Each structure stands twice: as structure tokens, then as C-alpha cells.
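An overview of the molecular structure
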Amino acid sequence: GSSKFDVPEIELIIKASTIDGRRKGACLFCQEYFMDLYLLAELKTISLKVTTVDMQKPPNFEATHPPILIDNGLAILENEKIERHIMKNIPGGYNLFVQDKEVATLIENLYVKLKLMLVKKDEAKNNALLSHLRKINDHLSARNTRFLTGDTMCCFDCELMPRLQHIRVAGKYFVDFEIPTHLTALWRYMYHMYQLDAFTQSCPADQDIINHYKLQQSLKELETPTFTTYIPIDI
Ligand SMILES: [Ca+2]
């Protein structure tokens, strides 16, 4: 009828793969906010446009790194402000940002544990990450809900799921870490993560997650992208 009724178009700028400069890259913040916005766009409150930029060949923002969220000409540049903007200013946002301090505290600092483990093979560092995943598993088991705070995705899921994927992919490649099979509720959560469009649409390829850490550790293009999705147990 009228442009007056158009749902808002949100643009998310994300970092490109450091292998080909075109595929989505492996930034956890990009994936988290890609996932939040995808869920909101599924709910048809918004339109989502995802723009990939090659940070060493960029085609307004100056010194700020992706992600950057553009809402009708207004550019949100700091990650904490992107969250706040999604929660407060984008329709659907308040429902996505569930209040659950228990869950916030549960998942806090998970990523630095992965980082420290990757430095080199160290079982003590491996087991520190494993203890945290046990806590998450035991939360999930106690709640018996599909996701962290219930049967619907929230903000905390979009933060957790991308880190579980870097743990699986980079954990295994660099230091032969695997998430053990007795973490039944956690494996069931990942099983569902792989069935989720927001996840699979935003998930970088394995090669890009790996390359991401290789550059971080300064080690060393035709490898066809593949995606780790297997579950080592029956569900
Ligand atoms: Ca940013």
C-alpha cells in the first residue's frame, strides 16, 4: 500500500574471511549480532542486510572495526552500543534480551579459556575450559529447555553458540581437544544449534575459524569450505 508500512532495513557490516576476502569471517561479535538480527528478521520486525568487508582491502567509520550496525543512516560502532541498540531500539529486541543474571554469569569468560588453551597443548588449560562446559551442561540438564533460558532463542544463546563452534573447530585442530560425550545436555544443545537457521546462516566455515587463530599465532586458499556439524552421540 505505502512505503509508510515498510519494516525497517537493518544493515550489519561484518569482517570478511582472511582467506578469500569474500566469505563471512570468524569474528565472534559479528556472528553473535548476525544471529540476534536474523532471529528478529525471522520474526519479520525488520529486514536484514549483511555486508562483508575485507579489512585489508576496504572499499565514514574511520578507525572502527566490524561489526557495525546501520539503522536508517545512523551507524552504531561500539559493540556494547550495538547490543544496547538492538535491545532498546529494534522491534523484538526486548524479548530477545531476556533478563537472566544466572545465565549471564554462567557463560561469562568462556572465550578467554579457549584462547589460553590454544597457546599450546596443556591439559591443565584444557581441563579449565572443560570445567566451564560442565557447568553449562549441568545448567541445561537442570533446566531441560531447548535453549539456555527456555524453548526460544535469546541473546545469551547467540553469544554461547558461536563460542561452542570455535571451541569444537579450533580446539580440535590446534590442540586435539574434544568436548566429551558424557556432556549429554550440551551435545543436545549443539544438535539444536545446527538445526537453527540463524546459526547455520551466520556460521563461518571451519577453514576460516582455523585461519583466524593461525593469524593470531602467526603460523602458515583453495580448500573448499566445510562446516563441522556432527554430533558424536545419539540424541
Ligand atoms: Ca565494532
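The structure under discussion appears in the preceding block.
Residues numbered from 1 in each chain as written, not as in the entry; some residues may be left out. Heavy atoms only, no water.

Details of the side chain of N211
Note that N211 resides in helix α10 (residues 206-217). Look at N211 and you get buried, because its relative accessible area is 6%. Side-chain polar atoms of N211 contact the side chain of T18, separated by 2.7 Å. When neighbours within four sequence positions are excluded, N211 is seen to be in contact with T18, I19 and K220. (Helix = DSSP H or I, 4+ residues; strand = E, 2+ residues; numbered from the N terminus. Buried < 20%, exposed > 50% of the residue type's maximum accessible area, 1.4 Å probe, protein only. Polar contact = N/O pair within 3.5 Å; in protein donor to acceptor, adjacent residues only side chain to side chain. Contact = heavy atoms within 4.5 Å.)

Quick look at helix α2 (residues 79-89)
Of the residues making up α2, those classed as buried are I82, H85, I86 and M87. Contacts made by the buried residues of α2 are with α1 (28-42), β3 (68-71), β4 (74-76) and α3 (93-96).

Describing the packing of aromatic side chains
Using the criterion set out here, one finds 5 aromatic pairs in the structure. Aromatic side chains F174 and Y213 sit 6.5 Å apart centroid to centroid with 75 degrees between the ring planes, which places their arrangement in the edge-to-face category. Here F174 is found in helix α7 (residues 155-175), whereas its partner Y213 is found in helix α10, with 39 residues between them in sequence. For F174, a relative accessible area of 17% gives the class buried. Seen in terms of ring centroids, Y194 and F199 are 5.6 Å apart; in terms of plane orientation they differ by 75 degrees. Their pairing is edge-to-face. In this structure, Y194 and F199 share a single accessibility class: buried. Over the face of the ring belonging to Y230 we find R168, whose NZ or CZ atom lies 4.5 Å from the ring centre. (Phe/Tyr/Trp six-rings, centres within 6.5 Å; stacked < 30°, edge-to-face > 60°. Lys NZ or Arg CZ within 6 Å of the ring centre and 35° of its normal.)

Observations regarding the pairing of strand β1 (residues 9-15)
When a strand is regular, its side chains alternate between the sheet's two faces. Counting buried positions along β1 yields 5 of 7 residues, so the element is predominantly enclosed. Strand direction decides the pairing type here: β1 and strand β2 (residues 47-53), joined by 7 bridges, are parallel. Pairing of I10 across the sheet is with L48, part of β2. Viewed along the sheet, the connection from β1 through α1 into β2 turns out right-handed. In terms of strand pairing, β1 meets β3 through 4 bridges, oriented antiparallel. Bridge assignment links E11 to a residue of β3, and that residue is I70. (Pairing = 2+ DSSP bridges. Right-handed = clockwise from strand over helix to strand, strands pointing away.)

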